[PDB]
Each structure stands twice: as C-alpha cells, then as structure tokens.
Amino acid sequence: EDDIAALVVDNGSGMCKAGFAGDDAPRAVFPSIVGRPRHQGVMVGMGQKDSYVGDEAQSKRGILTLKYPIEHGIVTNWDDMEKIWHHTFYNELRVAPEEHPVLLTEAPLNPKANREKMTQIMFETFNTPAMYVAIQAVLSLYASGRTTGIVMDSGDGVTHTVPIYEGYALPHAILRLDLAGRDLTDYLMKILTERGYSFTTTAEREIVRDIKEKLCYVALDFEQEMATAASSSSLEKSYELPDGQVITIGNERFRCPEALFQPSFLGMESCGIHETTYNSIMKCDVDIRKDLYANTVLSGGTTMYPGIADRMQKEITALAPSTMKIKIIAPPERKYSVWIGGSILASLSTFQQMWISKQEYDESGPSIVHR
Amino acid sequence: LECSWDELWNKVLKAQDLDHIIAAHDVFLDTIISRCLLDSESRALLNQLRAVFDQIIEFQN
Amino acid sequence: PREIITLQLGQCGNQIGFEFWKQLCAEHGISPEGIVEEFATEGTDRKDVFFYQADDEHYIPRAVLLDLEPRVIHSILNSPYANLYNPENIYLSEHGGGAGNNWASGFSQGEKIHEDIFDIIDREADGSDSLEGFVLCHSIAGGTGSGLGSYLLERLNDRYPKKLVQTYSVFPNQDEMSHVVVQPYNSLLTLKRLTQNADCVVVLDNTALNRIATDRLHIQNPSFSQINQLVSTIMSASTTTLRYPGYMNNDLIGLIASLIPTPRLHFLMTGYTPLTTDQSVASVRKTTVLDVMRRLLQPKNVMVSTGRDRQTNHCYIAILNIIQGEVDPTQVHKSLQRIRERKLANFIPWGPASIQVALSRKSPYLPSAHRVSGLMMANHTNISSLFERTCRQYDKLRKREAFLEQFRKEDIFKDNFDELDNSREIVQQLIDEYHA
Amino acid sequence: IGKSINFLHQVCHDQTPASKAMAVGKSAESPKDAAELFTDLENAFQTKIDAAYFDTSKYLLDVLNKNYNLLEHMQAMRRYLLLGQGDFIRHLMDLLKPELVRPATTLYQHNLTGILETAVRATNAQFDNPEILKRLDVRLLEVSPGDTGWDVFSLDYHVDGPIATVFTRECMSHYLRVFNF
C-alpha cells in the first residue's frame, strides 16, 4: 500500500530519524556521522568495510575523525550526504526505496539551488518511485493537530521561528538566529571549568549533551532561583561518572536555560529566543497575528525540559501586548514531533496526488520541486 | 603463500552468503596442505623436504 | 628486538644519516615530537625497529653523531629539527678539534675521547633487549670520517663479536683531488679493516652519482646538499622487511647473509629506480611490476661506476630484487621469469646462484603509496674496477712524496705502506677468482 | 534460506532478518491465498524469496560484523600459524628459543603462555581492543617429554561461539600439519 509502506525519513539537523509510517516514534534515530579512513591498512574493531558510517562510526571515534554530512542543519557536501541516506535505508531499516514512497524533509531557509539538488539524488541514485519534499516546520505543527501557528523550532540546528498561515508560510518572517543546542552544550563545558572539572576526553563531552536534557531542570524565574541559591535551596545534583572527573549541576543549572534569553553568556549581541519570537511576529500582517499567538508550538531538542512550558508562558506576555491570548502548546516529546508529523502525513488522504514522481520529473527535470 | 592469500581474502568480500564463506575456505585449506607437505601423491617431494631437514642439523653441529 | 645503533661519522656521513632520520618520521606518518594519526600504528606494525620504545609517545632514534668538524652537528641546531634529536645522547656538543684532513688526527681522537665514545653507545643501548649490531654510517670523505672509522672497527669487533657489522661507505670524487687530498691514503687503510675486521660493506661512488645526476636530476654540479637525498632512500629500503612485515629474511642479517659468497668479496652494488617521481598522474594506469624489474639488474641506476666491457667476462652470483606493495603481487613470480629469457645479468653455473624476491607493505603517506619502487642489491665481481683505480691513485701520490712524512708525525714512524698495498692486491685477486 | 535463520540462532535472536516488513508479509499472505478461487501462487512465489534471500544473507554477515569479527579472524590465524608476517613470528621465535631447546616439563605450559602475552606487547599494541590477542593460545601434543621441545610446540588459534561454525574440526588439524613444515 503506502498507508504503512511509506518510509519516513526525517533528516534532522544532526540525527537522521528513519522509520515506517503509522507509529508514534521513529524506529532508529542516531546522530549522523561519517568517517573516512586516511590510510587503509589492517583494520581494528568492526570487520572489513570501505567506510565506517553512522552507528558503526559512533562505536569507534578515536580510530576515525567525525564529519557531519548535515552541518548547521544544511548539507555542506552532497557526496557523503548520499552515504548517510544509504545507511538509513539498508542498515537501519532494510527495504529498497523503489516500491515504497519516501517522505524526506527540508529546512525552512535552504536555497532553491540546494532544493533541486536533493531531488536529483533521490530520483537518480536511490531510484525512488515517488517522494515529496516537506518542511520540518509544518510537520511539527501537524503533530500538534493544527494547520496554522508559529512553531518554535529550536533543534541541533538553526533556530527557526516559522509562522505558517494555512500551510503557507510568510516569506518575510523566517528569522535565522545562530543559537543551536550544540552551542549550549559547548557553553556548559567552559563554565564547568570555573568549578575546576575540565574535559580532555571526547566521550565525557558526549554525556554533557545528555545531562543538558536529563539532570538539568527549569524552574520559573531563574532570577529568584539564584536568589534562593544564596539562601541555600535544594537543587544541586552531582552525577557520578566512574572516574575522578565529576559533572555536577547547581550553580550552572539555571545559567544554561538563561542563555536562551541572554546570548551575552555566549558573548554576542544577537537576539534571544523570546526576542526572535517577538521580532518575527512583529513584521507579520496585522489581520492574521492573532492566530499565531494562540498556536505557539515548541519543537526541537533544545527545549527539552520539564518546566520550560510554563516559563515561556509567564515570560512571553511581558513582551507582546496583553490584548493578545498567547498560549504555549508544549508537548512533552518534541524531538520526534517533526517525525510524528511526517508519518501522519504518509497516512494523509489528501496527499495521494501531492506526490512528486519520476514521470513528472521526466517532463520538467529537477524543477518539478517548484510544484 | 601468495597464490592462496589472494585466493581466500579477496573472495570473501565478494560473497554474500555464509555458506559461500566456507565454499571459498574449504577449497583453500585442502590445497594449502598438498602444496606444502602432505597429500598422498607428494611423497616424492617430502622424502626430500625431510631429507634436507636433517642434513642441515648434521652440517651444523 | 633487533635494535641497531647507527654510527654516523664524517663530513658527508652525518648529513646522509641526518635525512635518514627525517625520512623515517615523514613516512611513518607521525609527528617528530609527538603522534597525531593512529593510522601510523595500524599502518606501520613495528616503529621501534630503529627507535627506542615508547612511554611518552615519542620515538627517540638510535643514533650517535661524532664528527671532528663541528659543522655537521651545528647543521642540526641551525636546522629547525631538534625534537627528533637529543643534545646529550644523540649528539654531543662538538667532537674533535681537528681541522680535519688527516687520518692520524681522527685515530688519536679516538684514543682519547675513548671513554666518551663507549659512553654514548651504552647511552643509546640502555633500552636494547638484544642488540642486532652496529651500522657504521661513515664516510671515506675527509680524514674525519675515514680516520675514526678505522678505530671503531677494531674495538666493536673485540667487545661485541656476534653482532652485525655493516658499513654504508661512500667514496669522494676521484676527478677532483682538492676535495680530499689524503684520499688515496685513507681509502686503503680503511680497506684493510673491512676485509678481515668487518663482514659486509655497501660501496657507493660520487663519480657514479654524477652519471645519474645529469640523467634525471639535471644538476651538473657535484652536490653536497642533494647528496643526502639519494642515500636516505636506499637505506630505508634495505630494512623495509624489518620495519614493515617480512616473511623470510625478515631480518636484515637475513638479507645480508644471503648476499655474501665468502669474505673479501662482499662489496655490493646498489641500484634504486625511482630517484625522482614522474609517476604522479601516470600512476593511475597502474605501473606494472612486469617491466620495471628488468632494470634492477641493468646498469641504468647503479651507484658504482665500472666499464661496460666487464659485464661479460665477470659474473653476478647473488642479486636481491625487493618489490613493495600492491602491484598485482601474484604476477611477481612472472616478472622473475622474464629475467632469465633476457639474461640482464649472467650467472655462474658453478654452484648456486639466486634471484631473491620479497615484498613488504608501503608507507602510510601518499607520495610513497602507488609509486613502485625497486631495490637492487647486486654483488658483481667487476667491482674491482673502482679498486684498481683507487690503488692506481695510491701508488702515484707516494712517489710524489705527499703523506710519507706528513702523516708520520703521529702513529706511523716505520714504513708500513707496502703492507697496505700488498693486502689490497690479495683481495682483488680473490674476487676475480671466484667467477670462473 | 532455512539454514541461515538457524545461524542467527547461534547468535541467538528472535528477529526476522533486518526489517519487520518481513513480518507484515506473513500476515498479508495468509488472507491473499485464502481469498483466491482455490488457487495457489507459484510464479510470483519465487519472486519475493529473492527479496528474502538478499536480505538475510547480507544481514547474517552484518550481525557478525558488529560483534564477532569473523573475516578479521580470517586474516588473524594466518599471521600466527600460516606465518603470514615475519616480524610477529621472528620476535616470537627469538623469545621462544631458550625454552624449546630444553626437555619439556610438567610446568612447560605455564611459562609458554606468559612469554606469548609479552610477545604481543613487544611488536603489537593496536590489537588489544581486537579479540585476536584473546584468541590465541599454546598447543602441545602427545609427544613424550624426553623430546627436544621444538616439535611439540605450536600455536593455535582458539575458536569459540558462532565463529567456531566456520572453524570446523577438519580444518585446523590440517593446519597443524602445514605449521610444522
């Protein structure tokens, strides 16, 4: 059919999340890496292979050098980008995309010269029968059961603030802000160094990116949360990693979500998350502004916190007018909210003539994406 | 040693079965033993490859 | 362990071992203060063959540098390199006071820096487990490299008797005699110690350097700075069985045993095809093994000059042909076939003769990975042509009265000159006699 | 195809090769044959057994490639008893000459393993993480201990698990003969 036999590949900004449609989480997600040997010899670890990719490159990362084919959300090199597509279809799924349509993703700010490029790869090399290039912004909105609103994509890529009005986005309100989650995990190592615990192993730094979502919590009003630290509150948790190095949280717990609103800890004069939210809506048409306040959606892997839903709610009124109903739609999962929207789209009734095939590709070439 | 190293190792990466791994190995491991020492027709060889084995001990001591 | 302590000595001999160490570091793909790619350990499966073991992630070469000229050891500290060199153990700060151009200078400096010269090889063999031997990397150029090399062949031969001795001797140019003027004298003194107080030598000529230097190097001038390039490559090729995986004669005393008929007949001709690399975009057709080992027995690479009239009444007996790396190495026995149909070299019917083939994997580093290299180590009995020529240069200078009293101020006071001449003629008759 | 599913039961899994799209297939087929006139398929039946065949054969080599390093052990026994690399075995054979020259003992085995582990820490250090080095031991025969010591010594590559599937009993006995020459 294609009801369960349409493949959902959500090429995110640092992890490819592949799976079959009609599920609520991806089958296999892992960070997208490739690794190129410099001199080939006798191997070590996993058996003879031309390249260690993906999850056989994440098992050995000190015998190889890591290179993301998707860097800052966008494909930098297209040769190695086919190599991770090759990895997702045949190792971390196993089906041939020639009988099964493919639903692949895009950035809300990739150039069109790039967009004809990803259409040239799937049709020729993987020889897909049909596919459709879909925005990540609209899919996360679709998992939240709306068709209009603005999604606050904060992923392992570029922060997007995309107001979509009836599946059509405003091409004069998509701000590219340079805050990424990978910027925060990196900020967190260098203020751990003020406590006296410094990294020197790449494996200890991988758990910094886990701890950021795991141990670290968000309370309302950080400013009094450091004030309650001065009267010695309970909030300081000390993770033990077997070895002498410690990753503790407590005086760096609240600074690291505070860096969402304040990029000055990172050392820049750029816009904050609420600020880049407010600048995007403040250049939108005055008649459909109301529909964007009431359909604010959090999405991405940066806003993975238990208590960031209400922090953004008590915080966003103090910018925008109060004669606006602003309601923060915060799902507990949201990394997979792009993927759950991409699977649900495969099971959409009104999508069985919005497929981009090889025959329409044969009549107009790779500008059939113009659509 | 050469003709046989380039027989096993290059064939196994062509192979897709596991039963083809033993098909490229079971033809390897019975030639290696005939061309080295023992078969049952190589007995004119290994009377001379063992007669030289003891001749270098006695030439040495 | 087969640890060798290289004994760099003389004005040309320290500089050719200087780029010998520099060649090894670039080809193992490791920093010379450090390590950066672990593709260096996956690729070279033994990097301590000629280095001290690791425990700081450094590799300290197994070298000693004494030379009577302080210029060569000053040619390290005015070079940028000095982290692959130790200023207490790999070099001392200035040896000798000698000018030098006297063989009796370096012989008395050897009998009074005698304590420090045997305290620099046991400061370079305090990590040795089992010593293979000593390679005396000396020059015959000057009285610097030639005077002191004659002392150390006696005392390493009665203090360490089951150890390898092997020298990579060079001779200075015989077409200019301003370069060293004690040259016919010092060559014949050092030859007495090589033919009964040594085992194997590898003889190398400068008039045979310039035969090749106008052939593909396109320098007419007799280099003293691009003379260290040609030498460090053919040195590192001889032990590619002992640094990269061998199989049979995986030690260097495996190769060297197999190239000696009997002593005072061991002077081996070296030939090495790729001195410069034009296989850089014409390496993609895949340079075949088949028609490139045909010159590893033809004189179109040889480092020792001889006439061409002695390549038919004198015969090679042992020739080593080292091919390296993928090249389709299962058609390599097919290459050794096409030699005999040509008779690129004539071989004695009188007892055994041998055309020896080996292979070892190539360097992890790109200019030394698809660049087919052929290492020739011949032993041809027309090697006496240099030696009769040097003897002819010896008898004429002793009748012109230079170094018959100007070399008798120290260590000779009795005539013992016709003693060196008569023994020199015993060795040359014992060579020609072997081939029938 | 029925033999191959049993070889991943020597890896032990309850997984139908790779994807779960092979599992949907069993459910689809039972109604599709049932609904038909009374007719069984059989020109199409041989078509999806190709798509099953390429799936379970590349995957049965990929389940090993993650875990056991099969073909890596194919190169491994060859350098330790088919004498593939001489720098590994000369440096063995050097350190082994003061014990093989003397009469074998009842305590012969306890020193020959120990010099064996320090042998692969005097030419090797990048194969500790590999199990090559945890899969070699000392082989001794029936030969009476009056012997010289040489002849009875041989190294053997120790095989276990689903890797002993391809390292059958008939093979290495013949390598024993070829090691000796």
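Since every read-out is calculated from the coordinates, none of them should be taken as a lab result. Reconstructed Cβ throughout: ideal geometry from the backbone, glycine too, with neighbour counts over all protein chains shown.
Residues in region C:203-249 that are over 19 Å from C:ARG371 (Cβ atoms) and among the basic types (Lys, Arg): C:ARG211 alone.
Within region C:227-239, which residues are of a type in the set (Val, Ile, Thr) and either over 11 Å from the mean Cα position of the chain (by Cα) or within 21 Å of B:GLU2 (Cβ to Cβ) (or both)? Scanning region C:227-239 gives C:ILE227, C:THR239. Please go through region A:35-75 and pick out each residue that is assigned to a strand (DSSP E or B) and within 14 Å of chain C (Cβ to nearest Cβ). Correct list: A:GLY35, A:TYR52.
Looking across region D:125-155, the residues that are closer than 22 Å to A:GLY47 by Cβ and in contact with a helix residue (DSSP H, G or I) (Cβ under 9 Å, 6 or more places away or on another chain) come down to D:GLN126, D:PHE127, D:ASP128, D:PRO130, D:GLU131, D:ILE132, D:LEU133, D:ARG135, D:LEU136. One residue stands out in region A:283-319 among those that are acidic (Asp, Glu) and outside any helix (DSSP H, G or I): the one that is farthest from A:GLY272 (Cα to Cα), namely A:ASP287.
Out of the residues in region C:31-71 that are touching a strand residue (DSSP E or B) at 6+ places or on another chain (Cβ under 7 Å) and assigned to a loop (DSSP other than H, G, I, E, B), which is farthest from D:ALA125 (Cα to Cα)? Only one residue fits best here, namely C:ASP67. A single member of A:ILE121, A:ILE63, A:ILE74, A:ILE70 is over 22 Å from A:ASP23 (Cβ atoms) and either touching a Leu at 6+ places or on another chain (Cβ under 6 Å) or surrounded by fewer than 16 Cβ atoms within 10 Å (Cβ to Cβ) (or both), and it is A:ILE74. C:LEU320 meets the conditions (1) within 14 Å of chain B (Cβ to nearest Cβ); (2) surrounded by 12 or more Cβ atoms within 10 Å (Cβ to Cβ) in every case but one. The failed one is (1).
Report yes if C:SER283 is in contact (Cβ under 8 Å) with a residue 40 or more places away in the chain and closer than 15 Å to C:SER363 by Cβ, otherwise no.
Details: in contact (Cβ under 8 Å) with a residue 40 or more places away in the chain: yes; closer than 15 Å to C:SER363 by Cβ: yes.
When the stated conditions are applied, C:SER283 passes them.
For C:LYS300, the stated conditions hold: it is surrounded by fewer than 16 Cβ atoms within 10 Å (Cβ to Cβ) and either in contact with a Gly (Cβ under 9 Å, 6 or more places away or on another chain) or not charged (D, E, K, R) (or both). Residue check: B:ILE32 meets all listed conditions (1) among the β-branched types (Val, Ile, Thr); (2) surrounded by 13 or more Cβ atoms within 10 Å (Cβ to Cβ); (3) more than 21 Å from D:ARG78 (Cα to Cα) but one, namely (3). In region D:128-149, the residues that are more than 14 Å from chain A (Cβ to nearest Cβ) form Cβ pairs under 7 Å with partners that are acidic (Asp, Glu) and surrounded by 13 or more Cβ atoms within 10 Å (Cβ to Cβ), at six or more places apart or across chains, as follows: D:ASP137/D:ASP156; D:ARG139/D:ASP156; D:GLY149/D:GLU99. The conditions of being free of Cβ contacts under 8 Å to residues at least 24 places away in the same chain and either over 30 Å from C:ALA257 (Cβ atoms) or away from chain A (no Cβ under 14 Å) (or both) are not met by C:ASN101. For region C:1-59, filtering for residues that are away from chain A (no Cβ under 14 Å), under 24 Å from A:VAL44 (Cα atoms) and without any contact (Cβ under 8 Å) to a residue 60 or more places away in the chain leaves 10. Number of residues in region A:76-111 that are touching a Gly at 6+ places or on another chain (Cβ under 8 Å), assigned to a loop (DSSP other than H, G, I, E, B) and within 14 Å of chain D (Cβ to nearest Cβ): the value is 3. Taken over region C:276-306, the criterion of being part of a loop (DSSP other than H, G, I, E, B) and closer than 12 Å to C:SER335 by Cβ is satisfied by C:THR288, C:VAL292, C:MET293, C:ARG294, C:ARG295, C:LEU296, C:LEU297.
Against the condition farther than 23 Å from C:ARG361 by Cβ, out of contact with any helix residue (DSSP H, G or I) (no Cβ under 6 Å at 6 or more places or on another chain) and assigned to a helix (DSSP H, G or I), how does C:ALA82 come out, does it pass? The answer is no for C:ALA82. One residue stands out in region A:56-68 among those that are farther than 18 Å from D:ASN129 by Cα and not aromatic (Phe, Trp, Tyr): the one that is nearest to the chain's Cα centre (by Cα), namely A:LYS67. If you go through region C:100-117 one residue at a time, do you hit one that is closer than 20 Å to C:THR233 by Cβ, assigned to a helix (DSSP H, G or I) and under 22 Å from the mean Cα position of the chain (by Cα)? The answer is no; no qualifying residue exists.
Only residues that are surrounded by fewer than 15 Cβ atoms within 10 Å (Cβ to Cβ) and not in a loop (DSSP other than H, G, I, E, B) were counted across region A:184-204, and they come to 3. Scanning for something under 24 Å from the mean Cα position of the chain (by Cα) and of a type in the set (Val, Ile, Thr), does region D:6-16 turn up at least one residue? So far as region D:6-16 goes, yes, one or more of its residues are under 24 Å from the mean Cα position of the chain (by Cα) and of a type in the set (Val, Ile, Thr).
List the helices (runs of 4 or more DSSP H) inside chain B, counting only whole elements, that have at least 1 residues being within 9 Å of chain D (Cβ to nearest Cβ) and not aromatic (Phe, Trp, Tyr). Give the derivation first.
Details: elements: B:2-8, B:19-26, B:31-36, B:43-46, B:48-51, B:55-60.
The helices (runs of 4 or more DSSP H) meeting that bar are B:2-8, B:19-26, B:31-36, B:43-46, B:48-51.
Is it the case, given these coordinates, that D:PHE167 is surrounded by 13 or more Cβ atoms within 10 Å (Cβ to Cβ) and within 14 Å of chain B (Cβ to nearest Cβ)?
Yes: the conditions hold for D:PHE167.
Of the residues A:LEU241, A:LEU220, A:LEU260, the single one that is touching a helix residue (DSSP H, G or I) at 6+ places or on another chain (Cβ under 7 Å), touching a residue at least 12 places away in the same chain (Cβ under 8 Å) and more than 21 Å from A:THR302 (Cβ to Cβ) is A:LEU241. When region A:142-155 is examined, which residues are found to be assigned to a loop (DSSP other than H, G, I, E, B) and either crowded, with 24+ Cβ neighbours inside 10 Å or without any contact (Cβ under 8 Å) to a residue 24 or more places away in the chain (or both)? Once the filter is applied, which keeps residues that are assigned to a loop (DSSP other than H, G, I, E, B) and either crowded, with 24+ Cβ neighbours inside 10 Å or without any contact (Cβ under 8 Å) to a residue 24 or more places away in the chain (or both), region A:142-155 yields A:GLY145, A:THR147, A:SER154, A:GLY155. Here C:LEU242 clears all of (1) surrounded by fewer than 20 Cβ atoms within 10 Å (Cβ to Cβ); (2) within 17 Å of the chain's Cα centre (by Cα); (3) within 14 Å of chain D (Cβ to nearest Cβ) except the condition numbered (1).
Within region C:204-226, restricting attention to residues that are small (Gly, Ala, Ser) and surrounded by 17 or more Cβ atoms within 10 Å (Cβ to Cβ), which residue is farthest from the chain's Cα centre (by Cα)? Among residues in region C:204-226 that are small (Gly, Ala, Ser) and surrounded by 17 or more Cβ atoms within 10 Å (Cβ to Cβ), the one farthest from the chain's Cα centre (by Cα) is C:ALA213. The numbered conditions (1) within 14 Å of chain D (Cβ to nearest Cβ); (2) closer than 30 Å to C:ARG71 by Cα; (3) of a type outside the set (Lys, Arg) are all true for C:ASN249 except (2).
In the condition set (1) in contact (Cβ under 8 Å) with a residue 60 or more places away in the chain; (2) surrounded by fewer than 14 Cβ atoms within 10 Å (Cβ to Cβ), A:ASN295 is compliant with all but (2).
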